[PDB]
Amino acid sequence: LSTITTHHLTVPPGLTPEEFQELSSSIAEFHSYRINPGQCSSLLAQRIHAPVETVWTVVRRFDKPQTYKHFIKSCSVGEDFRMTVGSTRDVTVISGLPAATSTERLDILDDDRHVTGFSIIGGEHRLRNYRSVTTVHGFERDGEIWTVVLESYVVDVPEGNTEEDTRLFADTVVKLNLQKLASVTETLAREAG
């Protein structure tokens, strides 16, 4: 039958137990999925030495994912684009396969709570029915500030793939992109503006 993900019940890679205790309710609220056989789901975390709003300024830009994500040749949103839920983008993917475009829909965008997410709704690639949520969270300790970004997804496991290799793949990509996010926004922080 279907089941609920348990991301909110264990400490994910990249997070401390202290940070987890502060985020458990957010993980439950935004990073929970009902998951069916044949799907995989994961939660990744990344610490960033930058203020929450600096990081959020990059995370929220649905029209420019290539600012922090790897393997993007181009991203188009057309002309009428406004940052509203329901908007779509066409991402041309860099892969060893022939050309492929991923069409992606903006599912969530909450600037007050720092939540966004999207769904892959078409394209010929290996993350069919992918859906993902990213949240941004601030931390402080004796005047020092930092941010944690949480990114979770659910996706279908292709016929002939094992669950483990689909999850390893998607996890590897998400982890690399959060590392890029960390570099980009830490640079932005060092420089001000």
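Numbering starts at 1 and runs along the sequence shown. Take the two forms, find the largest set of C-alpha atoms that superpose within 1.5 Å, and that set is the rigid core.
J.: Quick one: with the core lined up, is it 42 to 50 or 123 to 131 that wanders further in 4 other deposited structures of this protein, going by C-alpha RMS?
T.: After the core superposition, the stretch with higher RMS deviation in 4 other deposited structures of this protein is 123 to 131.
J.: Going by the mean C-alpha B-factor recorded in the entry, which is higher: 99 to 107 or 73 to 81?
T.: Averaged over C-alpha atoms, the B-factors run higher in 73 to 81.
J.: Looking at the deposited entry, does 133 to 141 or 160 to 168 carry the larger mean Cα B-factor?
T.: For C-alpha atoms only, the mean B-factor is higher in 160 to 168.
J.: Compare the CA B factors listed in the entry for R61, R47, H31, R126 and report the winner.
T.: Comparing C-alpha B-factors across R61, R47, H31, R126, the top value belongs to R126.
J.: When the modelled residues of the chain are sorted by Cα temperature factor, does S25 land in the lowest, middle or highest third?
T.: Within its chain, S25 is a middle-third residue by C-alpha B-factor, going by the deposited values.
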